[PDB]
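J.: Okay, so here is model.txt, and as you'll see once you scroll down, it has compact mmCIF, N, CA, C and O atoms.
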```txt
# COMPACT_ATOMS: atom_id res chain seq x y z
N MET A 1 -6.16 -5.88 -30.25
CA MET A 1 -6.05 -4.43 -30.36
C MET A 1 -6.01 -3.76 -28.98
O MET A 1 -6.78 -4.08 -28.08
N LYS A 2 -5.07 -2.82 -28.84
CA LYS A 2 -4.80 -2.08 -27.62
C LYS A 2 -4.91 -0.57 -27.80
O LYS A 2 -4.74 -0.03 -28.90
N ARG A 3 -5.20 0.09 -26.69
CA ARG A 3 -5.22 1.55 -26.60
C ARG A 3 -3.80 2.11 -26.57
O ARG A 3 -2.91 1.55 -25.91
N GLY A 4 -3.58 3.20 -27.30
CA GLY A 4 -2.27 3.84 -27.33
C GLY A 4 -1.92 4.58 -26.05
O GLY A 4 -2.78 5.11 -25.35
N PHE A 5 -0.61 4.61 -25.75
CA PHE A 5 -0.07 5.25 -24.54
C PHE A 5 1.31 5.86 -24.76
O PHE A 5 2.25 5.13 -25.07
N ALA A 6 1.43 7.18 -24.58
CA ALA A 6 2.71 7.89 -24.70
C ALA A 6 3.16 8.40 -23.33
O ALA A 6 2.43 9.16 -22.68
N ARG A 7 4.36 8.01 -22.90
CA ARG A 7 4.88 8.41 -21.59
C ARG A 7 5.48 9.82 -21.59
O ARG A 7 6.38 10.10 -22.38
N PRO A 8 5.00 10.72 -20.73
CA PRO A 8 5.53 12.09 -20.64
C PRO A 8 6.78 12.15 -19.76
O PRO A 8 7.25 11.15 -19.23
N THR A 9 7.34 13.37 -19.63
CA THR A 9 8.47 13.58 -18.72
C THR A 9 8.04 13.34 -17.27
O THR A 9 7.00 13.86 -16.85
N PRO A 10 8.79 12.56 -16.49
CA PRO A 10 8.38 12.26 -15.11
C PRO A 10 8.16 13.48 -14.20
O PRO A 10 8.93 14.44 -14.22
N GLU A 11 7.11 13.40 -13.39
CA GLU A 11 6.75 14.45 -12.43
C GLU A 11 7.77 14.47 -11.29
O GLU A 11 8.37 13.44 -10.96
N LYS A 12 7.97 15.64 -10.66
CA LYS A 12 8.99 15.75 -9.58
C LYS A 12 8.65 14.99 -8.30
O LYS A 12 7.60 15.24 -7.69
N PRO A 13 9.53 14.08 -7.84
CA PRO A 13 9.29 13.31 -6.62
C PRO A 13 9.48 14.15 -5.37
O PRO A 13 10.18 15.17 -5.40
N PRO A 14 8.87 13.75 -4.24
CA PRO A 14 9.03 14.50 -2.98
C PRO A 14 10.47 14.44 -2.48
O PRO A 14 11.00 13.36 -2.22
N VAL A 15 11.07 15.62 -2.33
CA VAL A 15 12.47 15.78 -1.96
C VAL A 15 12.80 15.30 -0.55
O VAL A 15 12.13 15.65 0.43
N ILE A 16 13.88 14.47 -0.46
CA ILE A 16 14.47 13.93 0.76
C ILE A 16 15.49 14.95 1.27
O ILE A 16 16.16 15.62 0.47
N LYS A 17 15.59 15.11 2.59
CA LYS A 17 16.57 16.00 3.22
C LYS A 17 17.56 15.26 4.12
O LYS A 17 17.15 14.72 5.16
N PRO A 18 18.85 15.18 3.77
CA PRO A 18 19.81 14.53 4.67
C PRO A 18 20.09 15.38 5.91
O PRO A 18 19.79 16.57 5.95
N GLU A 19 20.67 14.75 6.95
CA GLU A 19 20.93 15.46 8.20
C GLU A 19 22.17 14.97 8.95
O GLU A 19 22.31 13.77 9.20
N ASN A 20 23.07 15.90 9.27
CA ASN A 20 24.29 15.65 10.05
C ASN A 20 24.06 16.11 11.50
O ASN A 20 23.81 17.30 11.72
N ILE A 21 24.12 15.19 12.48
CA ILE A 21 23.85 15.53 13.89
C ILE A 21 24.92 15.02 14.85
O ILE A 21 25.27 13.84 14.83
N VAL A 22 25.45 15.92 15.70
CA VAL A 22 26.47 15.58 16.70
C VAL A 22 25.81 15.50 18.08
O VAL A 22 25.13 16.44 18.49
N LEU A 23 26.01 14.39 18.78
CA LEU A 23 25.36 14.18 20.08
C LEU A 23 25.93 15.00 21.24
O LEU A 23 27.10 15.41 21.24
N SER A 24 25.07 15.26 22.22
CA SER A 24 25.41 15.97 23.45
C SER A 24 26.30 15.13 24.37
O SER A 24 26.02 13.95 24.60
N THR A 25 27.39 15.70 24.87
CA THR A 25 28.26 14.96 25.78
C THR A 25 27.60 14.75 27.15
O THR A 25 27.03 15.69 27.71
N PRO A 26 27.65 13.53 27.71
CA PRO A 26 26.99 13.25 29.00
C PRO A 26 27.46 14.12 30.16
O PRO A 26 28.49 14.77 30.12
N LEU A 27 26.66 14.09 31.23
CA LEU A 27 26.94 14.84 32.45
C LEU A 27 28.01 14.16 33.29
O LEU A 27 28.13 12.93 33.29
N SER A 28 28.75 14.95 34.07
CA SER A 28 29.89 14.48 34.88
C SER A 28 29.55 14.26 36.35
O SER A 28 29.01 15.16 37.00
N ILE A 29 29.87 13.08 36.89
CA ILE A 29 29.57 12.76 38.29
C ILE A 29 30.41 13.61 39.24
O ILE A 29 31.56 13.91 38.92
N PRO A 30 29.89 14.01 40.40
CA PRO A 30 30.67 14.81 41.35
C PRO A 30 31.85 14.06 41.96
O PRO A 30 31.93 12.83 41.86
N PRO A 31 32.81 14.79 42.56
CA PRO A 31 33.97 14.16 43.25
C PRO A 31 33.67 13.84 44.71
O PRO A 31 33.06 14.66 45.41
N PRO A 32 34.08 12.68 45.23
CA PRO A 32 33.88 12.37 46.65
C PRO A 32 34.76 13.23 47.55
O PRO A 32 35.75 13.82 47.10
N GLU A 33 34.41 13.30 48.84
CA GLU A 33 35.18 14.08 49.80
C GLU A 33 35.27 13.43 51.17
O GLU A 33 34.41 12.64 51.56
N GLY A 34 36.33 13.78 51.89
CA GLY A 34 36.52 13.31 53.25
C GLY A 34 35.77 14.18 54.24
O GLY A 34 35.81 15.41 54.17
N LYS A 35 35.09 13.54 55.18
CA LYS A 35 34.29 14.27 56.16
C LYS A 35 35.11 15.33 56.89
O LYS A 35 36.31 15.15 57.10
N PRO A 36 34.49 16.43 57.30
CA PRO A 36 35.22 17.52 57.95
C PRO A 36 35.56 17.22 59.40
O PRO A 36 34.70 17.38 60.27
N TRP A 37 36.79 16.80 59.69
CA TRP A 37 37.14 16.47 61.07
C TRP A 37 36.94 17.62 62.05
O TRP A 37 36.44 17.40 63.16
N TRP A 38 37.30 18.84 61.68
CA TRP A 38 37.11 19.92 62.64
C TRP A 38 35.65 20.39 62.75
O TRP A 38 35.41 21.56 63.06
N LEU A 39 34.70 19.50 62.46
CA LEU A 39 33.27 19.74 62.65
C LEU A 39 32.72 18.60 63.49
O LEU A 39 32.04 18.83 64.49
N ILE A 40 33.01 17.37 63.08
CA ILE A 40 32.59 16.21 63.84
C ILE A 40 33.22 16.23 65.22
O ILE A 40 32.64 15.72 66.19
N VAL A 41 34.43 16.78 65.33
CA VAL A 41 35.08 16.92 66.64
C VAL A 41 34.25 17.83 67.54
O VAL A 41 34.19 17.63 68.76
N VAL A 42 33.64 18.85 66.97
CA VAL A 42 32.75 19.75 67.71
C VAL A 42 31.49 18.99 68.18
O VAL A 42 31.14 19.00 69.36
N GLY A 43 30.84 18.30 67.25
CA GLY A 43 29.63 17.56 67.56
C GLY A 43 29.79 16.51 68.65
O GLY A 43 28.96 16.41 69.55
N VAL A 44 30.87 15.74 68.62
CA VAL A 44 31.04 14.73 69.66
C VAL A 44 31.23 15.39 71.02
O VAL A 44 30.88 14.81 72.05
N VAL A 45 31.72 16.62 71.05
CA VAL A 45 31.85 17.32 72.33
C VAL A 45 30.47 17.74 72.84
O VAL A 45 30.12 17.50 74.00
N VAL A 46 29.66 18.33 71.97
CA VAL A 46 28.32 18.79 72.34
C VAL A 46 27.46 17.66 72.92
O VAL A 46 26.86 17.82 73.99
N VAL A 47 27.40 16.51 72.26
CA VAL A 47 26.59 15.42 72.79
C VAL A 47 27.13 14.93 74.10
O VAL A 47 26.37 14.52 74.98
N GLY A 48 28.44 14.99 74.28
CA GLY A 48 29.01 14.60 75.56
C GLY A 48 28.62 15.60 76.62
O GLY A 48 28.27 15.24 77.75
N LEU A 49 28.66 16.87 76.26
CA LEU A 49 28.31 17.95 77.17
C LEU A 49 26.83 17.84 77.59
O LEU A 49 26.49 18.09 78.75
N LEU A 50 25.96 17.43 76.67
CA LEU A 50 24.52 17.23 76.95
C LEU A 50 24.28 16.15 78.00
O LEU A 50 23.51 16.34 78.95
N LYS B 52 -21.27 -22.11 -29.83
CA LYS B 52 -20.95 -23.53 -30.02
C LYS B 52 -19.63 -23.91 -29.34
O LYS B 52 -19.58 -24.90 -28.60
N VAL B 53 -18.56 -23.15 -29.57
CA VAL B 53 -17.27 -23.45 -28.93
C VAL B 53 -17.36 -23.29 -27.41
O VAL B 53 -16.75 -24.06 -26.67
N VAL B 54 -18.11 -22.30 -26.93
CA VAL B 54 -18.28 -22.13 -25.49
C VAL B 54 -19.01 -23.33 -24.90
O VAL B 54 -18.61 -23.87 -23.85
N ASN B 55 -20.07 -23.79 -25.56
CA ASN B 55 -20.80 -24.96 -25.09
C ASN B 55 -19.91 -26.20 -25.15
O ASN B 55 -19.92 -27.03 -24.24
N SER B 56 -19.11 -26.32 -26.22
CA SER B 56 -18.17 -27.42 -26.36
C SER B 56 -17.14 -27.42 -25.23
O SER B 56 -16.85 -28.47 -24.64
N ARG B 57 -16.58 -26.25 -24.92
CA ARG B 57 -15.60 -26.14 -23.84
C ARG B 57 -16.25 -26.46 -22.49
O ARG B 57 -15.63 -27.11 -21.64
N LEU B 58 -17.48 -26.00 -22.29
CA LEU B 58 -18.21 -26.28 -21.05
C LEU B 58 -18.38 -27.78 -20.84
O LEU B 58 -18.17 -28.29 -19.73
N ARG B 59 -18.75 -28.52 -21.88
CA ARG B 59 -18.88 -29.97 -21.77
C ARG B 59 -17.55 -30.63 -21.41
O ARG B 59 -17.53 -31.61 -20.65
N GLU B 60 -16.43 -30.13 -21.93
CA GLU B 60 -15.14 -30.71 -21.54
C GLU B 60 -14.82 -30.40 -20.08
O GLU B 60 -14.17 -31.21 -19.41
N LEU B 61 -15.27 -29.26 -19.58
CA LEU B 61 -15.07 -28.88 -18.19
C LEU B 61 -16.05 -29.60 -17.28
O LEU B 61 -15.89 -29.55 -16.05
N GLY B 62 -17.05 -30.27 -17.84
CA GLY B 62 -18.08 -30.96 -17.09
C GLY B 62 -19.23 -30.08 -16.68
O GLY B 62 -20.02 -30.47 -15.81
N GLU B 63 -19.34 -28.90 -17.27
CA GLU B 63 -20.40 -27.94 -16.98
C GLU B 63 -21.49 -28.04 -18.05
O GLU B 63 -21.22 -28.37 -19.21
N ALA B 64 -22.72 -27.77 -17.63
CA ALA B 64 -23.84 -27.81 -18.56
C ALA B 64 -23.75 -26.68 -19.59
O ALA B 64 -23.39 -25.55 -19.24
N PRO B 65 -24.07 -26.95 -20.85
CA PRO B 65 -24.05 -25.91 -21.88
C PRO B 65 -25.14 -24.86 -21.68
O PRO B 65 -26.14 -25.08 -20.98
N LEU B 66 -24.93 -23.72 -22.32
CA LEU B 66 -25.88 -22.61 -22.27
C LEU B 66 -27.22 -23.00 -22.90
O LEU B 66 -27.27 -23.49 -24.03
N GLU B 67 -28.30 -22.77 -22.16
CA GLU B 67 -29.65 -23.11 -22.60
C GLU B 67 -30.66 -22.15 -21.99
O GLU B 67 -30.46 -21.64 -20.88
N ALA B 68 -31.75 -21.92 -22.72
CA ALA B 68 -32.81 -21.02 -22.28
C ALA B 68 -34.12 -21.40 -22.96
O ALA B 68 -34.13 -22.14 -23.95
N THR B 69 -35.22 -20.88 -22.42
CA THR B 69 -36.57 -21.12 -22.92
C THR B 69 -37.29 -19.81 -23.20
O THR B 69 -37.11 -18.82 -22.49
N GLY B 70 -38.12 -19.83 -24.25
CA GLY B 70 -38.88 -18.68 -24.69
C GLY B 70 -38.31 -18.05 -25.95
O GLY B 70 -37.19 -18.33 -26.38
N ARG B 71 -39.13 -17.18 -26.53
CA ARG B 71 -38.74 -16.46 -27.74
C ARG B 71 -37.65 -15.45 -27.43
O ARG B 71 -37.77 -14.66 -26.49
N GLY B 72 -36.59 -15.47 -28.22
CA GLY B 72 -35.48 -14.56 -27.99
C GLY B 72 -34.26 -14.94 -28.81
O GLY B 72 -34.37 -15.63 -29.82
N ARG B 73 -33.10 -14.49 -28.34
CA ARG B 73 -31.84 -14.75 -29.03
C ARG B 73 -30.67 -14.69 -28.06
O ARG B 73 -30.78 -14.19 -26.94
N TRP B 74 -29.53 -15.21 -28.53
CA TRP B 74 -28.28 -15.24 -27.78
C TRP B 74 -27.38 -14.10 -28.26
O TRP B 74 -27.20 -13.91 -29.47
N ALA B 75 -26.81 -13.34 -27.31
CA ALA B 75 -25.93 -12.23 -27.67
C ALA B 75 -24.99 -11.90 -26.52
O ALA B 75 -25.15 -12.36 -25.39
N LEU B 76 -23.99 -11.07 -26.84
CA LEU B 76 -23.00 -10.59 -25.88
C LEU B 76 -23.52 -9.37 -25.14
O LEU B 76 -24.18 -8.50 -25.72
N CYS B 77 -23.22 -9.30 -23.84
CA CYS B 77 -23.65 -8.20 -22.99
C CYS B 77 -22.55 -7.77 -22.03
O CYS B 77 -21.63 -8.54 -21.70
N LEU B 78 -22.66 -6.52 -21.57
CA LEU B 78 -21.79 -5.91 -20.58
C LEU B 78 -22.20 -6.31 -19.17
O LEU B 78 -23.24 -6.94 -18.94
N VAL B 79 -21.36 -5.93 -18.21
CA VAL B 79 -21.59 -6.27 -16.81
C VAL B 79 -22.93 -5.76 -16.29
O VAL B 79 -23.47 -6.33 -15.33
N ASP B 80 -23.49 -4.72 -16.89
CA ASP B 80 -24.77 -4.22 -16.44
C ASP B 80 -25.92 -4.83 -17.23
O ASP B 80 -27.08 -4.48 -16.99
N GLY B 81 -25.63 -5.76 -18.14
CA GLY B 81 -26.63 -6.41 -18.96
C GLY B 81 -26.88 -5.77 -20.31
O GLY B 81 -27.64 -6.33 -21.11
N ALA B 82 -26.28 -4.62 -20.59
CA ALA B 82 -26.50 -3.94 -21.87
C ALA B 82 -25.92 -4.74 -23.03
O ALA B 82 -24.72 -5.05 -23.01
N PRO B 83 -26.70 -5.08 -24.05
CA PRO B 83 -26.17 -5.85 -25.18
C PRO B 83 -25.35 -5.00 -26.15
O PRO B 83 -25.58 -3.80 -26.32
N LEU B 84 -24.38 -5.66 -26.77
CA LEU B 84 -23.54 -5.04 -27.79
C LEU B 84 -24.30 -4.92 -29.11
O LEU B 84 -25.31 -5.60 -29.34
N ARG B 85 -23.81 -4.05 -29.99
CA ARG B 85 -24.45 -3.86 -31.29
C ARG B 85 -24.22 -5.06 -32.20
O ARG B 85 -23.08 -5.49 -32.40
N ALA B 86 -25.31 -5.60 -32.75
CA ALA B 86 -25.23 -6.78 -33.60
C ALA B 86 -24.72 -6.50 -35.01
O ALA B 86 -24.23 -7.43 -35.66
N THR B 87 -24.82 -5.26 -35.49
CA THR B 87 -24.43 -4.93 -36.86
C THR B 87 -23.13 -4.15 -36.98
O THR B 87 -22.79 -3.71 -38.08
N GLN B 88 -22.38 -3.96 -35.89
CA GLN B 88 -21.15 -3.20 -35.98
C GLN B 88 -19.94 -3.98 -35.49
O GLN B 88 -20.03 -4.87 -34.64
N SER B 89 -18.80 -3.62 -36.07
CA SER B 89 -17.50 -4.22 -35.78
C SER B 89 -17.09 -4.02 -34.33
O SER B 89 -17.44 -3.02 -33.69
N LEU B 90 -16.33 -4.99 -33.81
CA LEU B 90 -15.76 -4.84 -32.48
C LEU B 90 -14.76 -3.69 -32.45
O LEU B 90 -14.44 -3.18 -31.37
N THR B 91 -14.29 -3.25 -33.62
CA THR B 91 -13.42 -2.09 -33.74
C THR B 91 -14.23 -0.81 -33.72
O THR B 91 -13.71 0.25 -33.36
N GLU B 92 -15.50 -0.91 -34.10
CA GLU B 92 -16.42 0.22 -34.05
C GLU B 92 -16.90 0.37 -32.62
O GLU B 92 -17.07 1.49 -32.12
N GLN B 93 -17.14 -0.76 -31.96
CA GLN B 93 -17.51 -0.82 -30.56
C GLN B 93 -16.25 -0.58 -29.71
O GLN B 93 -15.12 -0.65 -30.20
N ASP B 94 -16.47 -0.27 -28.43
CA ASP B 94 -15.39 -0.01 -27.47
C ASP B 94 -14.92 -1.28 -26.76
O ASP B 94 -15.10 -1.46 -25.55
N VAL B 95 -14.31 -2.18 -27.53
CA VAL B 95 -13.76 -3.43 -27.02
C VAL B 95 -12.28 -3.49 -27.36
O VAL B 95 -11.88 -3.19 -28.49
N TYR B 96 -11.47 -3.87 -26.37
CA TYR B 96 -10.02 -3.96 -26.51
C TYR B 96 -9.53 -5.19 -25.75
O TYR B 96 -10.23 -5.76 -24.92
N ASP B 97 -8.28 -5.57 -26.03
CA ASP B 97 -7.67 -6.72 -25.39
C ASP B 97 -7.75 -6.62 -23.87
O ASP B 97 -7.47 -5.58 -23.28
N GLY B 98 -8.16 -7.73 -23.25
CA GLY B 98 -8.31 -7.84 -21.81
C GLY B 98 -9.68 -7.49 -21.27
O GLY B 98 -9.88 -7.59 -20.05
N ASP B 99 -10.61 -7.08 -22.11
CA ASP B 99 -11.97 -6.81 -21.65
C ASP B 99 -12.69 -8.12 -21.32
O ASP B 99 -12.32 -9.21 -21.78
N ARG B 100 -13.73 -8.00 -20.50
CA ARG B 100 -14.58 -9.12 -20.09
C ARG B 100 -16.00 -8.87 -20.55
O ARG B 100 -16.51 -7.74 -20.45
N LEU B 101 -16.65 -9.91 -21.07
CA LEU B 101 -18.01 -9.81 -21.59
C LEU B 101 -18.82 -11.04 -21.19
O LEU B 101 -18.27 -12.11 -20.92
```
If you convert what's in this file into structure tokens, what do you get?
T.:
Amino acid sequence: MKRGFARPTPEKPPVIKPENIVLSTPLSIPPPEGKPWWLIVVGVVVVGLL
Amino acid sequence: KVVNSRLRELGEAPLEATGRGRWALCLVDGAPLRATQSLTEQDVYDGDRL
């Protein structure tokens, strides 16, 4: 002999939330440059003058 | 009798005691069941332990 059991309507489960996410585009490296000749030309004169 | 018989087949000593008294079924706390009432009148169901 067993105890009786009647199943009721199921209780509400904890709601899941989906998510759509787009990533941030990475940072851009700077461009290289050629040294300023009309500056270094000045400096080599000054040290010579010294 | 059947419990003592099964115990002997298992190699265990049968139930024995000394002094004035009687043998009966009891709950985990030692409380004895009613000797004059049905197991259907008592709170016993399939899978219980006594």
J.: Please check the contacts: residues of chain B at most 6 Å away from chain A, using all atoms listed in the file, listed as a list in words.
T.: residues 95, 96 and 97 of chain B
J.: Need the shell around residue B:65: protein/DNA/RNA residues with any atom at most 8 Å away, counting all atoms listed in the file. Skip same-chain ones fewer than 5 positions apart. Format as a ChimeraX atom specification?
T.: /B:54-59
J.: Identify, with DSSP run on backbone atoms, the residues in chain A assigned to helix (DSSP H, G or I), and express the list as a list in words.
T.: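 Assigned to helix (DSSP H, G or I), within chain A: residues 37, 38, 39, 40, 41, 42, 43, 44, 45, 46, 47, 48 and 49 of chain A.
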J.: Quick one, how far is atom CA of residue B:79 from atom O of residue B:100?
T.: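 About the pair atom CA of residue B:79 and atom O of residue B:100: they are 6.4 Å apart.
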J.: What separation in Å, quoted to one decimal, exists between atom O of residue B:82 and atom O of residue B:98?
T.: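 We find that atom O of residue B:82 and atom O of residue B:98 lie 15.3 Å from each other.
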J.: Could you pull the residues within 9 Å of residue B:101, counting only C-alpha atoms, minus those fewer than 4 positions along the same chain, as a list in words?
T.: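 Skipping anything fewer than 4 positions along the chain leaves residues 76, 77, 78 and 79 of chain B.
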J.: In Å, how far is it from atom N of residue B:71 to atom O of residue B:86?
T.: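 That distance, rounded to one decimal, is 20.0 Å.
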J.: With a distance cut-off of 10 Å and only C-alpha atoms, select the neighbouring residues of residue B:75, excluding the residue or stretch itself and same-chain residues fewer than 3 positions from it, and output the selection as an MDAnalysis selection string.
T.: chainID B and resid 72 83:86
J.: So that all listed atoms of stretch 82-91 of chain B fit with 8 Å spare on each side, what axis-aligned box centre and edge lengths in Å, to one decimal, would you give as JSON?
T.:
```
{"center_x": -20.1, "center_y": -3.6, "center_z": -29.3, "size_x": 29.3, "size_y": 23.7, "size_z": 33.5}
```
